[PDB]
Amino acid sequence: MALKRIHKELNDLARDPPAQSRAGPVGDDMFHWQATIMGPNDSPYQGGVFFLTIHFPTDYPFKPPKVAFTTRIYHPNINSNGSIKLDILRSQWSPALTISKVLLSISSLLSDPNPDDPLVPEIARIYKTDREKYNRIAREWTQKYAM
């Protein structure tokens, strides 16, 4: 069940590769993937390359994959352990979602943070009251950890 669905996703990724992310299994553990996401243009992450680890559950797609950044990133919805606060990875997961769609949602999160439901309150505070300070710090972390 889950294994065939994961294989199908990998094949569709190879047949129409996305313009701004790559993803695939680590060795021949089909349930353990690594992904790369480009920092979005017009965001403070622009020019950066961010690595993610993906663990699929054995009842996928009925439970969400576990997704975390391994590259350090300064963002109000991603913490120092790489955990991602994103509703489609939790209560709003649906079985029609795919890794391709998750990666697009994470790119959208980088472009447009959600400072009102944050994972890191201190960063959300800066994002809301001093946007250019947030931009400067996020850019500095991109230059240090993602390039």
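Residue numbers here begin at 1 and follow the sequence given.
Between the two ranges 37-45 and 101-109, the one averaging a larger CA B factor in the entry: Of 37-45 and 101-109, the stretch with the higher C-alpha B-factor average is 37-45.
25-33 or 113-121, whichever carries the higher mean Cα B-factor: It is 25-33 that shows the higher mean C-alpha B-factor.
Residue 13 CA temperature factor, ranked by third within the chain: Highest third of the chain for residue 13's C-alpha B-factor.
Residue 19, C-alpha B-factor rank within chain (lowest, middle or highest third): CA B-factor rank for residue 19: highest third.
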